[PDB]
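> Coordinates for the following, if possible.
(2 chains, ligands or ions: 3)
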Amino acid sequence: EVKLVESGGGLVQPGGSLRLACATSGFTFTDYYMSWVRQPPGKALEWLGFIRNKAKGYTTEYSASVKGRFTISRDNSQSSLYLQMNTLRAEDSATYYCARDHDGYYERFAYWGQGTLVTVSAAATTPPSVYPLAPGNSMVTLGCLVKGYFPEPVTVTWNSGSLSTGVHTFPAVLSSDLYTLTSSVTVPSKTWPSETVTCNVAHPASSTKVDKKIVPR
Amino acid sequence: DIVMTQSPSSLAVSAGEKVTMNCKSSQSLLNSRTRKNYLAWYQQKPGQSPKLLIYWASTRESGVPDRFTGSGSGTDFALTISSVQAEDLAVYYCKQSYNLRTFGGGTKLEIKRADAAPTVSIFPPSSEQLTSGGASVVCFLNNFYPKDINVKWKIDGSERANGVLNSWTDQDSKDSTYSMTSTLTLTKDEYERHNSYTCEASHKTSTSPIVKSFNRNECX
Ligand SMILES: C=CCO[C@]1(C(=O)O)C[C@@H](O[C@]2(C(=O)O)C[C@@H](O)[C@@H](O)[C@@H]([C@H](O)CO)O2)[C@@H](O)[C@@H]([C@H](O)CO)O1
Ligand SMILES: [Zn+2]
Ligand SMILES: [Zn+2]
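Residues are numbered from 1 along each chain as shown, chains lettered A, B, ... in the order given. Ligands and ions are numbered 1, 2, ... in the order given. Sharing the structure here:
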């Protein structure tokens, strides 16, 4: 199957540089143009540039917004794609996606990566504090509070992802240069506390991995 | 130098109803040589990557439901959903590839459903947090509609507005409801000076507020 995976995202100081990578598999890489697209949190997609395929000599083109500042390259020996970003500023804070572009016939971005989040800021990396949210009657709702971290993102799963439905993870809110979010999960009263419920939190920027078991007070 | 504009910016439609969204280009996208319009539509569900729905204006990508139809030519295009489903909640983007590529600004599609009252849950601070000198009280207001809702916090019966942060989820793709979290943060010192902590939710679904409370003396 076709796979596209971005990496290299994270925190970078205003004025600094950062290079993203996009690893692909499951298709003849050299046949395809490849594009980079970005998206500031809550805003529209923006096309940044592409690098053409073999038939077209692997030449590059850029949007006016980034031409002269961002550089796209590819490694055809490893089927990977790169975006070099220079002189970063706040407007560059965004999720960056690589996408499989033109193959000489089709006009479509048929495949996209999961994207990688870039934050341009002078604020320091801070790992989250993670606190269990236990109650105090048919369904029971539990939660985890993920407080005081920077930058985004963090991920919250429940029971290593085996608890999927009945979960709500609330968008982080920034206050005083630190983010806070929470996640709720609602399970049958019979399953808890008789069975264990655990939230798993990860904060990539600080390599933080946290398991917090929700125990009755 | 091709400007892409979409309308509406947003709208909401009930399940089963028709929807039309429009995409305008500042110049024709009709490639005279290949006889095709270089215009594609993408769907981005909450928290997901964009997914291809339509390309060449009207060609539906395999695996994309028949209810999605792309139409139009030249400078004007549309995406029509014949019978909206709850899972169709998303931002829809058009994109020209006639000259490099350019995305429109997007159309946010939300789903209209029957009003639903929130399920409210309150949670006292954890001992770990208190030990560290902080005190967060959390209230979840889950699965309600419409999105507009009010929360007020009461400490020993008196309202407090300071130190409260609110966060709504995007609409749910299966039941079309919204949820919200309200978090009241206090110092431990201040937290320990009062007993009753109350989270009050007022929503159009009732003239009586939904109230959840805990007393510190009862062990949070
Ligand atoms: C006379 C047109 C020739 O177009 C091609 C060709 O070989 O048919 C393809 C062109 O492709 C691009 C490009 O700029 O690389 C990307 C495509 O996705 C599309 O945007 C087209 C656009 O419709 C214009 O044709 O351009 C391009 O490679 C072109 C020449 O190599 C450079 O003009 O050749
Ligand atoms: Zn060129
Ligand atoms: Zn739910």
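
> what residues does chain A put near ligand 1?
Within reach of ligand 1 by Cβ under 6 Å from any ligand atom, chain A has these residues: A:52, A:56, A:102, A:107. C-beta coordinates here come from the backbone N, C-alpha and C atoms, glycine included.

> Tell me which residues touch the third one, please.
If you count contacts by Cβ atoms under 8 Å, 6 or more residues apart in numbering or on different chains, residue A:102 has them with A:32, A:33, A:50, A:52, A:53, B:97.

> any idea which helix or strand carries the residue nearest the centre of chain B?
What sits nearest the mean C-alpha location of chain B, by Cα atoms, centre = their mean, is residue B:170, with 2.5 Å. Using DSSP states H and E, residue B:170 sits within no helix or strand.

> To what extent is residue 191 buried, counted in neighbours?
Looking at chain A here, since you left the chain open. 13 (other Cβ atoms under 10 Å in any protein chain shown).

> Hmm, no, I was thinking of chain B.
For residue B:191, the tally of surrounding residues (other Cβ under 10 Å) stands at 22.

> Quick check on it: phi, psi?
With angles defined as degrees, to the nearest 10, residue B:191 sits at phi -50, psi -40.

> near chain A, anything from stretch B:111-120?
Yes: Stretch B:111-120 reaches chain A (Cβ under 8 Å from any Cβ of the partner chain) through residue B:119.

> What separates the first and last residues of that stretch, distance-wise?
This stretch, stretch B:111-120, spans 23 Å end to end (Cα to Cα, to the nearest Å).

> Kindly report the same for stretch B:108-121.
Using Cα to Cα, one end of stretch B:108-121 lies 30 Å from the other.

> List the buried residues of that stretch.
B:108, B:109, B:110, B:111, B:113, B:116, B:117, B:118, B:119, B:120, B:121 (16 or more other Cβ atoms under 10 Å in any protein chain shown).

> Let's see which of those end up in strands.
B:108, B:109, B:110, B:111, B:119, B:120, B:121 (DSSP state E).

> picking that back up, which of the residues of chain A next to ligand 1 are buried? Put it as a PyMOL command.
Buried subset of the residues of chain A next to ligand 1, written as a PyMOL selection, criterion 16+ other Cβ under 10 Å:
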select buried, chain A and resi 52+102+107
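
> related to what we said a few turns ago, tell me which of the contacts of residue A:102 is nearest to residue A:157?
Residue A:157 lies nearest to residue A:32 out of the contacts of residue A:102, by Cβ to Cβ, at 33.0 Å.

> Let me see the backbone angles for that closest one.
According to degrees, to the nearest 10, residue A:32 has phi -110, psi 130.

> I am finished for the moment; much appreciated.
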